[PDB]
Amino acid sequence: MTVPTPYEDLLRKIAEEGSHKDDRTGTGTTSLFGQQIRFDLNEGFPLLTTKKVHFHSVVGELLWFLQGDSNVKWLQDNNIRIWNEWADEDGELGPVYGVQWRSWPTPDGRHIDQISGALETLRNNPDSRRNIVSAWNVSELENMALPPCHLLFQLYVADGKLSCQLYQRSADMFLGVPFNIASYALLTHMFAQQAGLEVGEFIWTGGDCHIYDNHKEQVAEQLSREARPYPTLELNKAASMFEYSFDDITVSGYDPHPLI
Amino acid sequence: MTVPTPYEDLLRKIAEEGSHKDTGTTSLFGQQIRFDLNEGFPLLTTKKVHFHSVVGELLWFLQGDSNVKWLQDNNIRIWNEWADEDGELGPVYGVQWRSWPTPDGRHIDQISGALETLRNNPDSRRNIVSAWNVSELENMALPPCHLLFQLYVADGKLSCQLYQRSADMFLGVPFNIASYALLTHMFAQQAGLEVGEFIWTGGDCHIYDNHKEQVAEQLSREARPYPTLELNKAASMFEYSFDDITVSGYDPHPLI
């Protein structure tokens, strides 16, 4: 009854107060800098209901991040086409997202697995104030098809509940952001579950938060709609952070407003 | 017009709503403070903040040298406990800002990069500076707290957002706010831009039990208007001095 809409509120605020920039290469935006959206994960899985979000794509991109794979193959073979634009002829991206997550290179063999590291500190030292995972490796940036947008996150535990905050440097509010949210919300459910914890909040923090001019009307229509209760995440405990699979991950009671 | 108190606002919310943890703390996670830099420099008026200390740490970050010696000669003791017998910290903040190392033995000057991008590509969405070099953490005295920032320009105004993973609310954060507000003023001045907002975003934001009454007293005081920064343009980012940087119309309540 009046479902919280912190994503739609930001969308709305940017449209009303954002600054307009125009290139003029036909890529006009209105934007705000340094904004935040928070969800209480216990009150529902934050897959938006004011338009449809393709959960299968969310799920599979995350799984692929988690494998440490710079090759787009497994994605194309599950009909996720998101990265296709950026791949070189052999399907390679250079060491984007999951390569940094799983194997940030040391000068000397040479891999730091931030994800195992994060989970282990969850288990042994949940009070840690340095439980952070970063993809923003300044010296590896030149090798990536492009530098990471969702670039760093931090874990936190209070009263047995796991919270996660994301720093995202650039946010296409209409197309990109609903996917980012679902996807880190799911990551945090994966951590909590493996660490034997409950879920707290997902906090999304944005740098340049922009609505493309070419999305003006789609935004006004999304914004004219009433939110429905969020769905609920059905997550089957895989053996480890790296052995989840599409079959473990469903959302139930998902009731999105129709296109467009 | 009232005086905006977003730092105190958050200080009060954590004291009221944070959860107590055992050196015990009370904390909230993922909080945001923002200042409009055109409306005053955010050096707090509800208690005196020692500016010289802020200025010096920053000038030292910017010089990229992680030896403590130059801080000591300028009367700042704040890094002494972390120093080794040689006054060496390992490659903390400024070594990363000025020289994040690459595998071929070269290095990246993120500050000059960031200033370049302001001058030549102000709209970039990748104007980032990071000190969170995961493969270098082993060698630092201490992992960076204020660990990454981003610059953004709109309507000829420079904004800056910082990500700080750990925030000693009573003691550290007032130094951190003034420190980055000043840094953003420096960037803006070297790039011929005006100032927009400084946006401080914290992870684990805490009040130590130790400070309960220091905090309560702070929270009982009425803010005076913020001072204004006086910034004499140096010849470059790396050439500012103490003499270039003062504050005017600073009317704080007393030290706590």
Once you order the gyration tensor axes a ≥ b ≥ c over the Cα atoms, which shape class does the protein assembly as shown get: rounded for a/c under 1.5, otherwise prolate or oblate by comparing a/b with b/c?
rounded
Percent of beta bridges antiparallel (DSSP, the protein assembly as shown, rounded to nearest 5):
75
Residue pairs, from the table A:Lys13/A:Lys51; B:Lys21/B:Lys47; B:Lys13/B:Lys212; A:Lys13/B:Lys157; A:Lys51/A:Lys161, whose Cα atoms sit over 24 Å apart:
B:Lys21/B:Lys47; A:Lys51/A:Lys161
Shielding score for A:35-48, defined as the mean number of other chain Cβ atoms within 10 Å:
1
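To check you understand DSSP bridge types, tell me what percent of the beta bridges within chain A (both residues inside) are antiparallel, rounded to 5.
For chain A, the DSSP antiparallel bridge percentage is about 75.
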Calculate for chain A the 222 nm mean residue ellipticity that helices alone would give, adding -39,500 (n - 2.57) per DSSP H run of length 4 or more and normalising by residue count, nearest 500 deg cm²/dmol.
-8500 deg cm²/dmol
Inter-part distance where the stretch A:106-164 and the stretch B:108-130 are each reduced to a Cα centre, Å:
24
Would you grab the residues whose amide H sits under 5 Å from the one on A:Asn137? Only those 5+ places off in sequence or on another chain, please, with H modelled 1.01 Å from N.
none
Given Cα pairs under 8 Å that are at least 6 residues apart, what percent is the relative contact order of chain A?
28
Give me the net charge for the shell around A:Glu142: Cβ to Cβ below 15 angstrom, other residues only, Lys and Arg +1, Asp and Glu -1.
-3
May I ask you to sort A:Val3, A:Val177 by Cβ crowding, counting other Cβ atoms within 10 Å and putting the fewest first?
A:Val3, A:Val177
Using the number of other C-beta atoms within 10 angstrom as an exposure proxy, rank B:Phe41, A:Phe55 with the fewest first.
A:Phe55, B:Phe41
Would you mind counting up the charge near A:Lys21? Only other residues with Cβ under 12 Å from its Cβ, with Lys and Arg at +1 and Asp and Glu at -1.
-4
Inter-label distance, nm, simple model (7 Å from Cα along the C-beta direction), B:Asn139/B:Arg77:
3.1
Residue-wise, which Karplus ³J(HN,Hα) couplings in Hz belong to the stretch B:34-41, taking 6.51 cos²θ - 1.76 cosθ + 1.60, θ = phi - 60°, and x for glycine or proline?
9, 10, 8, 5, 6, 9, x, 6
So, over other residues within a Cβ distance under 13 Å of B:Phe175, counting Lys, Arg +1 and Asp, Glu -1, the net charge is 0
A:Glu201 long-range amide H proximity, modeled H, under 5 Å
A:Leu41, A:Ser163, A:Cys164
State, as an integer percentage, the relative contact order of the stretch B:116-211 based on alpha-carbon contacts under 8 Å between residues 6 or more apart.
28
In whole angstrom, the spacing between the Cα centers of the stretch A:40-54 and the stretch A:197-240 equals 6
Could you run the Karplus curve 6.51 cos²θ - 1.76 cosθ + 1.60 with θ = phi - 60° over the stretch A:244-249 and give me ³J(HN,Hα) per residue in whole Hz, x for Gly and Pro?
5, 8, 3, 5, 7, 10
Taking neighbour Cβ counts within 10 Å as the exposure measure, how do B:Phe238, B:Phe175 sort from fewest upward?
B:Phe238, B:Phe175
Over the stretch B:154-256, relative contact order from alpha-carbon pairs under 8 Å, at least 6 apart, %:
29
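Ideal geometry is used to build each Cβ from the backbone, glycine not excepted, and the neighbour counts take in all protein chains shown. We did not get these values from a lab; they are worked out from the coordinates using the rules stated.
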